[PDB]
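**Q** My questions will all concern the structure given below.
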Amino acid sequence: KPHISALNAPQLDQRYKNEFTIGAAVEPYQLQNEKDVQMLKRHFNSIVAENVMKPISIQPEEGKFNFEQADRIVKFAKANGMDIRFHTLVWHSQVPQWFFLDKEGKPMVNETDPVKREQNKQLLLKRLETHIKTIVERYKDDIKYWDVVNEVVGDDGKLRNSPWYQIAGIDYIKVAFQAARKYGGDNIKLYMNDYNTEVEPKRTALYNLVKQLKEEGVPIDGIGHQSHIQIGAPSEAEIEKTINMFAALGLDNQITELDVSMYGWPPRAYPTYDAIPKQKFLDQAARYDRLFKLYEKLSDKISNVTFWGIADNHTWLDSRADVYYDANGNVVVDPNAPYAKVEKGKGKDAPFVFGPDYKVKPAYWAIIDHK
Ligand SMILES: O[C@@H]1[C@@H](O)[C@H](O[C@@H]2CO[C@@H](O[C@@H]3CO[C@@H](O)[C@H](O)[C@H]3O)[C@H](O)[C@H]2O)OC[C@H]1O
Ligand SMILES: O[C@@H]1[C@@H](O)[C@H](O[C@@H]2CO[C@@H](O)[C@H](O)[C@H]2O)OC[C@H]1O
Ligand SMILES: [Cl-]
Ligand SMILES: [Cl-]
Ligand code: NA
Ligand code: NA
Ligand code: NA
Ligand SMILES: [Zn+2]
Numbered sequence: 081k082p083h084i085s086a087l088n089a090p091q092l093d094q095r096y097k098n099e100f101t102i103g104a105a106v107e108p109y110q111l112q113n114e115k116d117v118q119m120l121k122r123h124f125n126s127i128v129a130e131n132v133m134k135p136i137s138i139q140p141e142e143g144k145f146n147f148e149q150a151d152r153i154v155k156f157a158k159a160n161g162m163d164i165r166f167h168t169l170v171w172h173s174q175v176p177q178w179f180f181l182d183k184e185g186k187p188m189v190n191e192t193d194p195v196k197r198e199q200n201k202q203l204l205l206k207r208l209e210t211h212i213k214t215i216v217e218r219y220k221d222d223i224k225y226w227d228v229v230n231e232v233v234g235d236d237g238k239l240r241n242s243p244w245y246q247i248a249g250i251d252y253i254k255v256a257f258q259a260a261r262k263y264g265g266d267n268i269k270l271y272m273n274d275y276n277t278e279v280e281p282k283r284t285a286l287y288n289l290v291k292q293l294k295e296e297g298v299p300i301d302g303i304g305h306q307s308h309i310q311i312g313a314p315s316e317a318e319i320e321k322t323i324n325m326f327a328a329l330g331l332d333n334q335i336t337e338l339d340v341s342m343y344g345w346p347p348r349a350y351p352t353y354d355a356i357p358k359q360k361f362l363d364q365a366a367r368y369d370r371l372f373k374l375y376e377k378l379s380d381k382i383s384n385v386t387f388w389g390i391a392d393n394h395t396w397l398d399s400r401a402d403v404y405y406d407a408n409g410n411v412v413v414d415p416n417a418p419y420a421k422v423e424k425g426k427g428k429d430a431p432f433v434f435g436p437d438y439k440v441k442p443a444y445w446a447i448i449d450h451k
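Using this note's numbering, the first residue of the sequence shown is number 81, and each one after it goes up by one.
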C-alpha cells in the first residue's frame, strides 16, 4: 500500500458512485490552488462551502448580500458536474448580530414587555424569511441539498436556547423550512444538520422534533449527520442505530462534515503533523475501514458522504488541537496525565484519507479497496 500521490490514485467518488456521492468542504482560495483543484476534479463529485455560505458571510449587514465567494464555489461545481450542498441557512454561530436587535437597536432577548416580545418574534421571523428567500431565489436551480437549520437541538436533549429560540421559539425552525420550500420549490432537498446525532439524549430529541415537524406538515427531507468523530467513538453500532431510526421516519441521511480526529475530547494534540506516531494512522485506517463498510451496508439510506476538507494540510480540527506541556516543556498527549500549560489550537490533527503532501494515507487504501 504505497504512499503515492493522490493525483495518481484510483478515484474515490468512482469507487462509491452507486452507493453515495463523495464530497468535500472548500474555501474559495483552494480553487486557486492547483493541487486542491486537481483533488476536487479527481476524487469528488459533491461540494460544500466550509464557510462562505454561512449567514454572516452572505448577509453581514441587513440588505448587504455578498454572493461573490459563494458564486465561485457554485461556478466550479457546475463546471465539474458536482452536486452542491448549501451550508447553512440558519445557525447560532457565524450569524450577524443585527438579526437579533429590536427597532431601537436593543437585544430582543432583553425585552420583558410581552407585547414587545411578540413584535420582535414576528420581526425576526420576517428577517429570516427574507434572508432565506434571497438566497434560495438565486440558487434554487443550482443547489440540490440544503442544510436549512444547523445545530438547533442541544446536547441536553432540549432545543438549543440560542437567540433564535429565545426570541421566536420553535417557530424559527418551522419558518426556515417553509420559506426554503416556498422559494426553492419541490425539487430542492431540505435537511436539519447536527453533530453528535448518535448520542442520547440528543438523538431521541432530534428524532422526536423532526417527527413532530413532519406531522405538522413542515417540509424536511433528511438529516445531516456532521460526523465529527474519533477513532473509537461513536461505535459503529451506534452510528448504525442512528441512521436506521432516522431512515425509519422516511428521512434521507447525509454524512455532512466527516473527519476522523486522531484525538479524544478535549483533544491533547501533537504539535506538528510529523510528530504523530505512525501507529495512529493505522488505527485511524482500521476505523475508516469499519466506517465505510457500514456506510455501504446502509447505502440505501445514505445519499452522500462529505468530508469537512480535502487533505490534511487544511482542517478546522487544528483550531481544536490544543497542545499540553508539562513542567519540563515536554508535550503531553495522555488524557489523564499532569501538565503545566496548554497552547490552545496550536497543534495538528490528521483527519482525512489524503496526507498534507497530497499523498494517500493508510486510510485511503482501507476505503478504496473491496475488503
Ligand atoms: O475566526 C473564525 C473561525 O472561527 C471560523 O472557523 C470556522 C468555524 O466553522 C467550521 O465549520 C463548522 C464546524 O462545526 C460544524 O458543526 C458546523 O456545521 C461547521 O459549519 C469551519 O470549519 C471553520 O473554518 O472561520 C471564520 C473565522 O473568521
Ligand atoms: O461548535 C460545535 C462544537 O462544539 C462541536 O464540538 C463537539 C462538542 O461535543 C463533543 O462531544 C464532540 O466531541 C465535539 O466534536 O463540533 C461542531 C461545532 O459546530
Ligand atoms: Cl478551517
Ligand atoms: Cl506524509
Ligand atoms: Na510533514
Ligand atoms: Na478551513
Ligand atoms: Na475496506
Ligand atoms: Zn508524505
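All residues carry an ideal CB built from backbone N, CA and C; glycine is no exception.
1. Based on the DSSP output, what are the partners of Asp274 in its beta bridges?
2. How about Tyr350: is its Cβ closer than 6 Å to a heavy atom in ligand 5?
3. Could you please give the first and the last residue of the uninterrupted beta strand (DSSP E) stretch that includes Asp163?
4. Assign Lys269 to buried or exposed, taking buried as 16 or more other Cβ atoms, counted over all protein chains shown, within 10 Å of its Cβ.
5. For a test of your reading of the model: does the CB of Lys282 fall under 6 Å from any non-hydrogen atom of ligand 8? Yes or no.
6. On the three-state DSSP scale, how would you describe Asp116?
7. Would you report the Cα separation of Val255 and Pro135, rounded to the nearest angstrom?
8. Among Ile84, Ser85, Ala104, whose alpha-carbon lies nearest the alpha-carbon of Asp339?
9. For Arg348 versus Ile311, is the C-beta distance shorter than 7 Å?
10. According to DSSP, is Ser399 helix, strand or coil?
11. Is the segment 131 to 147 touching the segment 185 to 200, taking contact as three or more C-beta pairs under 8 Å?
12. Nearest by alpha-carbon distance to residue 51: which of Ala417, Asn288, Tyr252 is it?
13. Smallest Cα separation from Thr214: which of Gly234, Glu184, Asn146, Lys158?
14. In chain order, what residues of the same chain have a beta carbon less than 6 Å from the beta carbon of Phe156, not counting five sequence neighbours either side?
15. If we count Cβ pairs, one from each stretch, closer than 8 Å, do we get three or more for the segment 433 to 446 versus the segment 410 to 420?
16. Does the beta-carbon distance from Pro357 to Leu397 come in below 7 Å?
17. Which residues does DSSP list as the beta-bridge partners of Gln334?
18. Can you list, in chain order, the residues of its chain whose CB lies under 7 Å from that of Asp406, leaving out five sequence neighbours each side?
**A** In short, the structure shows the following:
1. Translated into positions along the sequence shown, residue 274 becomes position 194. For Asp274, which the question treats as bridged, DSSP gives the partners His305.
2. Mapped onto the sequence shown, residue 350 falls at position 270. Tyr350 Cβ: outside cutoff for every heavy atom of ligand 5.
3. Position 83 of the sequence shown, counting from 1, holds the residue named residue 163. Counting along the chain, the beta strand (DSSP E) containing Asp163 begins and ends at 163 to 170.
4. For the purposes of this step, residue 269 is taken as residue 189 along the sequence shown, with counting starting at 1. Under this definition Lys269 is a buried residue.
5. As a position in the sequence shown, residue 282 is number 202, starting the count at 1. Not so, every heavy atom of ligand 8 lies at least 6 Å from the Cβ.
6. The residue you call residue 116 lines up with position 36 of the sequence shown. Residue state, collapsed to three classes: helix.
7. To locate residue 255, count along the sequence shown from 1; it is residue 175. To locate residue 135, count along the sequence shown from 1; it is residue 55. Taking the straight line joining both Cα atoms gives about 16 Å.
8. Within the sequence shown, numbered from 1, the residue matching residue 339 stands at position 259. Considering only alpha carbons, the answer is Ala104.
9. Locating residue 348 in the sequence shown gives position 268, counting from the first residue. Locating residue 311 in the sequence shown gives position 231, counting from the first residue. Not in contact: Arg348 and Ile311 (Cβ atoms no closer than 7 Å).
10. Indexing the sequence shown from 1 puts residue 399 at position 319. Residue state, collapsed to three classes: helix.
11. no
12. Given a span of 81 to 451 for the chain in the structure shown, any question on residue 51 remains unanswerable.
13. The sequence position of residue 214 within the sequence shown is 134, counting from 1. Nearest option by C-alpha distance: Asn146.
14. Against the sequence shown, residue 156 aligns to sequence position 76. Result list for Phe156: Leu111, in chain order.
15. no
16. Residue 357 sits at position 277 when you count from the first residue of the sequence shown. Residue 397 sits at position 317 when you count from the first residue of the sequence shown. No, Cβ-Cβ distance for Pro357 and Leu397 is not below 7 Å.
17. Indexing the sequence shown from 1 puts residue 334 at position 254. DSSP, once it has assigned bridges, lists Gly304, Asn384 as partnering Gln334.
18. By one-based count along the sequence shown, residue 406 stands at place 326. Answer for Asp406: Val412, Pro418, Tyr419, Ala420, listed in chain order.
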